[PDB]
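Values below: all heavy atoms of this structure, side chains included; hydrogens, waters and symmetry mates excluded. Quick note on labels: first sequence line is chain A, next is B, and so on, each numbered from 1.
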There are 4 protein chains.
Amino acid sequence: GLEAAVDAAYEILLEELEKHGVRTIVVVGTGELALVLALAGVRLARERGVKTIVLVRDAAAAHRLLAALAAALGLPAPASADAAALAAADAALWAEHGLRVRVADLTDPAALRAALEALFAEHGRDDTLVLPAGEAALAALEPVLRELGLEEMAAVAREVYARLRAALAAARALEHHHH
Amino acid sequence: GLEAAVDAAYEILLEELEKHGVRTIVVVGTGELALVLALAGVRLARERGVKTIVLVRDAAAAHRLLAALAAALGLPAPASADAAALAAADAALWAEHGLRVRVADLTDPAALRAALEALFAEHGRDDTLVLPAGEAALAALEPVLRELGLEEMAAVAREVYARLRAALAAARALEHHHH
Amino acid sequence: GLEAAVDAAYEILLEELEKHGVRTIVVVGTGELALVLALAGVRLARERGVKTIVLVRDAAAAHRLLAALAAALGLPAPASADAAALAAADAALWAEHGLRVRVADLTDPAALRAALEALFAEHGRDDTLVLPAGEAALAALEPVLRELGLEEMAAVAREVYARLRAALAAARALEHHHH
Amino acid sequence: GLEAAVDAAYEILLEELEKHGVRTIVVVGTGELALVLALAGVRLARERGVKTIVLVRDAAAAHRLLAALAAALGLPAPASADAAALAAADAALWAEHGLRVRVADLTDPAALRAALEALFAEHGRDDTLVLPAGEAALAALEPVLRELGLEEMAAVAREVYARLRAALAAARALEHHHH
């Protein structure tokens, strides 16, 4: 179920924060692992002051993730995927909970590089853990990081992803809410 | 009206908690009795520490029940029947109010058995009261319980259902909100 | 604007509470006067312990009125016009704010009589002020009240309605929110 | 991003409050600058007691702006663009946060004049800063103000707009929430 998945992801992230001195987590992609990482990020922000930013492919994906986060927090979802509504929801989520949800076209390497570069300008590269939310995101993220010369960051992204993938396969976040 | 129906169901459940040493209530099905049982379960969780889980047939039914529970609690409904939104809403409802809403295909005996077996793994069989929300759910639930050897549980499910059915016929939960 | 309309209706209702010893207000109908009366009823419940029940024609009308009340109170609207969602929202509104929104087919005299008779069973006839929300509701309500022998109640309904109609014509509740 | 845009607009408005003794801000138009000005107005109301009213072209635009404001404040959006729902949301926003969102057809000079004249009746002309949200709104607002003899107000509207336009071009309120 969802709690077991969030707990397992939280434990993995705690191990990485201690291992790498992480101050900021950037999640690239959508789906169940993106939600689980965002929810673990809510706990990590409250308990450790570590901020999390999720980069999703389009405004529709941002609305879907913000709506699931809203439900988890007991808060209203944004009324629509209007950019102004999404930006306002994002600013509120950041101020109150240390989480962001931003739009970046992951099919476009230049757009993903630009979104990462914005986050690196805000949060730096040394203390930032970048994680893909799935296989497709890993395949998009690795070459971009490698082009930027961030080989260690790419290596950690792949290794931590493998552990998260295995943990979520066992935890089954959504098992109770579909056939 | 709704308050009279919740009160009547609450009184019946209190009698069963004392009679059987009940720690967990599992409601199988949808409709007015499912809502009334869930609402009585909110009171029982607050007052007695007894948790309630409702098993509904599909994601659409989970959204409809979560939305009615939300309205009763003064909380936002989940934005959609997206599995991630439903799972997040369920985790929040459990943590704050001691209630869950899960999806289990009741037309499929193996799926209902699997969902009950998950709950029995979490909560045990001895202290768990299983109740159908209607005739169709009773007809689905009885053979599954009997196959599991849970004859007493099936007997209580049918007997308590009969009393709840009669009480709700008199109380008329929805009389003021349809023609 | 809306505040001026609520204030004017509130002042009129205060005068009637003192004049008739009113404990319960029943509003029959939909539209701007129904909303203004419901909002004044929120204030009267908080300040005076007087409860208000609005009888609207169908579930769609109940959702629209509950949604406007929700917006005025800073609360989530019910997710849909599902009867269970409307009944749950109504129970929450009553418990927290002393207001109800019920469905009664005003085109059907027997249905309106039945809905009034339910309220009279709950709240009595002597201390109950019944008000139409518009001309059509007044035309439906007067014969029903007269058949019940409630001639004084019908007379007050018409007289107080006339004063509310004039006050709302001057106050223009919705002037700032349509062309 | 949005926070940088709100901060930049806030700083400009603070300078104008000191420069002109402003008690009320009226924003004419829709779009990103309308949202940013409304959000800066939330801060100015809390910190300085300065109220802000946004005049938008139609009910659909009022819903979109109220929904984005709701998301920024962690509050439910109005269920629909129903005039009663919009008026109720507006009254709540004014009472709690010192902001209004009203409908005025800016394509119709008489309608814009009427909406401004209502605000001038409520708030006066001397202490009221009127700002367009974009080029089209400036082109609609200038002749109306000039016809009213409010030449200085029109001059300030154009000058402050130019500074806000430049600031928002640099701040990029919506950059993280569209492609």
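Applying a 4.5 Å heavy-atom cutoff, none of the residues of residues 119-153 of chain B approach chain C. Within residues 76-114 of chain B, the residues approaching chain C closer than 4.5 Å by heavy atoms are, in numerical order, B:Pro76, B:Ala77.
When B:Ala68, B:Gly1, B:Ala173, B:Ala70 are compared by the number of non-hydrogen pairs under 4.5 Å with chain C, B:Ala68 comes out ahead.
Around atom CZ of C:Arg23, no more than 12 heavy atoms belonging to other residues, nucleotides or ligands sit under 6.0 Å away.
Proximity to chain C (any heavy atom under 4.5 Å) is shown, for B:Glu32, by neither the backbone nor the side chain. For B:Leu75, the part sitting under 4.5 Å from any heavy atom of chain C is the backbone (N, CA, C, O) and nothing else.
Closest heavy-atom contact between C:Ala9 and C:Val36: CB-CG1, 3.6 Å. B:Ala34 approaches B:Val27 most closely through the heavy-atom pair CA-CG1, 4.3 Å.
Residue pairs meeting the ring-ring contact (aromatic ring centres under 6.0 Å, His included) criterion with at least one member in residues 30-52 of chain C: none, sequence neighbours excluded.
Between C:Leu69 and C:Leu35 there is a side-chain heavy-atom pair separated by less than 4.5 Å. Between C:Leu37 and C:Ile25, every side-chain heavy-atom pair lies at or beyond the 4.5 Å cut-off. Side-chain contact between B:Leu17 and B:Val50 is present, with at least one heavy-atom pair separated by less than 4.5 Å. Contact check for B:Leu116 versus B:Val26: side-chain heavy atoms found under the 4.5 Å cut-off. Taking the side chain as every heavy atom from C-beta outward, C:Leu33 and C:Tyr161 approach each other to under 4.5 Å.
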### Message
I'd like to know whether C:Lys19 forms a salt bridge (charged side-chain N to carboxylate O under 4.0 Å, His left out) with C:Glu15, so could you lay out the CA-CA distance, the side-chain angles of the two residues, the decisive distance to 0.1 Å, and finally the verdict.
### Response
CA-CA 6 Å; C:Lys19 191 166 172 333; C:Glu15 278 173 14; over 6 Å; no

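Every residue two or more places apart in sequence or in another chain that forms a side-chain hydrogen bond (donor to acceptor under 3.5 Å, both in side chains) with C:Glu175 is listed here: C:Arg172.
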